[PDB]
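As a starting point, one isolated chain is supplied in structure tokens, in the form deposited in one PDB entry.
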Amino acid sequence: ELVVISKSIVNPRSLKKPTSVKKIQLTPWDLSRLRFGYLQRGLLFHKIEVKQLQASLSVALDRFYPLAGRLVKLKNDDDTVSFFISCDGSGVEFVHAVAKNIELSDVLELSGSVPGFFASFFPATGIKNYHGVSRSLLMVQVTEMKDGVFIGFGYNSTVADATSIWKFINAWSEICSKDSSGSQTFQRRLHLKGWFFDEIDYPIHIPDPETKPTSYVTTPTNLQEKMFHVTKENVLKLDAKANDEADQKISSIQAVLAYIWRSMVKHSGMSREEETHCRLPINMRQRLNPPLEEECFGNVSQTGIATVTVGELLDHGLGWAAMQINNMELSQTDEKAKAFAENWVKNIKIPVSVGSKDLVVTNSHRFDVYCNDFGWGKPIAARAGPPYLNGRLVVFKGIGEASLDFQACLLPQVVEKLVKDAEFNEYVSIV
């Protein structure tokens, strides 16, 4: 129940005399994601005016110009290909849609089988990162609802990590809020991530990612999504309990993730001998040597993986699970990252999926998603879009900074057991 009003390309609006076309080189981290789908997130508002939003977007794209570029695929004479990002100002796909029968309650209170109507609010479903040669690296959809507006976006993981994407959304909202021409918002020089793998030749020669199985997103699933809210009081309670049991210092988010992990596995139906993983995004800017600037733009995120058996996770307590997470984070070193990049170049792996039997943590509690006031008020919710993956756990800072929200994608049988888990529902509010 969604009609498209307009589909257009939004180009950067360049007050400056345009410079040459910058080329951005792709690392093993970027190339190993070429077959994954665009990541899709969005913000819910009481009010957004689309004209101002589109105008301010063109200005913001000038300031974050790699988001307006395209992948370029080179054919090597050895029958491999190479990719780089060309900052050519090709522009961003921008969709204006209307879903006049959908109201805020419907998106705030989402609960149950996915995909549902909400999937259609996102613009990049089924788009893979290697499609960025011909589709934009950022895609935006603004959907007017009965009594609100949703701004959804999808982005190519080869051009940006979530840290960078949320910095762009914050700049865009600031411009939109103050004046759409950008004349009243400070322009800042963009620092690029650059090339930080000094022992790896580039561009890296890889097999063509499109000459690969190419697997569907519209296939029927049995997945559901639920929202989990953890209050400040309960975050603190979990934090204290994890630290009481643990032998090293455990952060609040580690304790809460460990609690969710244990609970998710308790109700999974997995055998004790199965391995379960907690996959966590790690911002590597400050772990690399030399470290990169905290504001450098691009994907500088690595996925850390904590591995245990189901039996181990259930037999030990909360503090032990939190220690597995923390130990994994501590292991994500510079020497590790570089050695592994050099191994990747001699055993290229570009998977189509992550796997469905893990806790797959994404986004971050650190991103101030509510600071995105476009001029009519801060958002009232932050959500993720397709694709749907069992075990996905999207982390959002709460409207209350001390609280946490999680958007969890789970099998129906797991939800059914989770909603009857008395202790879980003491610590976590499921909607």
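The numbering used is simple: start at 1 and walk along the sequence shown. We call the rigid core whatever largest set of C-alpha positions still superposes within 1.5 Å between the two forms.
FYI, the form deposited in another entry isn't displayed, but the following is about it.
Checklist entry - Superposing on the rigid core, which residue among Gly126, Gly311, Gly194, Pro351 shifts its Cα by at least 2 Å between this form and the one not shown? => result C-alpha shift of at least 2 Å: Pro351.
Next on the checklist: After a rigid core superposition, would you say the CA of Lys212 moves by 2 angstroms or more between this form and the one not shown, or not?
Outcome noted: It does, since the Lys212 C-alpha is displaced 2 Å or more between this form and the one not shown after the core fit.
Next on the checklist: Once the core is aligned, does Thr221 move its Cα by at least 2 Å between this form and the one not shown?
Outcome noted: It does, since the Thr221 C-alpha is displaced 2 Å or more between this form and the one not shown after the core fit.
Next on the checklist: With a change of at least 3 Å, which way does the C-alpha separation between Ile350 and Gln40 go in that other deposited form: closer or farther?
Outcome noted: Farther, not closer.
Next on the checklist: Flagged pair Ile350/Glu225: C-alpha distance shifts by 3 angstroms or more in that other deposited form. Which direction, closer or farther?
Outcome noted: Their C-alpha distance grows by at least 3 Å in that other deposited form.
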